[PDB]
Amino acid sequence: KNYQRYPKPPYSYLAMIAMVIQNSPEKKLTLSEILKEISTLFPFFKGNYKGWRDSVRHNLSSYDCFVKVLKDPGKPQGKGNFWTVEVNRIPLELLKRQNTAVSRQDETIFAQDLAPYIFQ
């Protein structure tokens, strides 16, 4: 296994997932839809590194703020479910812009905090 860090946008995966969910019409998205919407946020995600898609999937399950909503309520073991975000479960500091080489390269193109786009 060859671990590598990539020049991803200077926001946590949690923050970006939460932003796309909260800015969707029904405040819920399938994994496939989350991945498509994240890809539109920054050109990085359209590049040839695709492992971020795995990181997003991992994050949905690992953080308690993301709550699966069954696509079919009679199939609790079905997949392709919707995901929601409970903002009162978000660790607020994970919504701040990160201090990384990417943000230091160009601070002005990155909002300092995503909380205004996630909380009502």
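All residue numbers are counted from 1 along the displayed sequence.
Visitor: Across the other PDB entries of this protein that were compared, is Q105 absent from at least a third?
Guide: Yes: coordinates for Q105 absent from at least a third of the compared entries.
Visitor: Please work out which of 66 to 74 and 84 to 92 has the higher mean CA B-factor as recorded in the PDB entry.
Guide: Higher mean C-alpha B-factor in the PDB entry: 66 to 74.
Visitor: For the C-alpha atoms alone, is the average B factor greater in 102 to 110 or in 6 to 14, going by the entry?
Guide: Of 102 to 110 and 6 to 14, the stretch with the higher C-alpha B-factor average is 102 to 110.
Visitor: Between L60, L35, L29, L41, which one tops the list for Cα B-factor in this entry?
Guide: Going by the entry's C-alpha B-factors, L41 comes out highest.
Visitor: Determine, from the deposited record, the chain-internal third of the Cα B-factor for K79: lowest, middle or highest.
Guide: Tercile = middle for this residue's CA B-factor.
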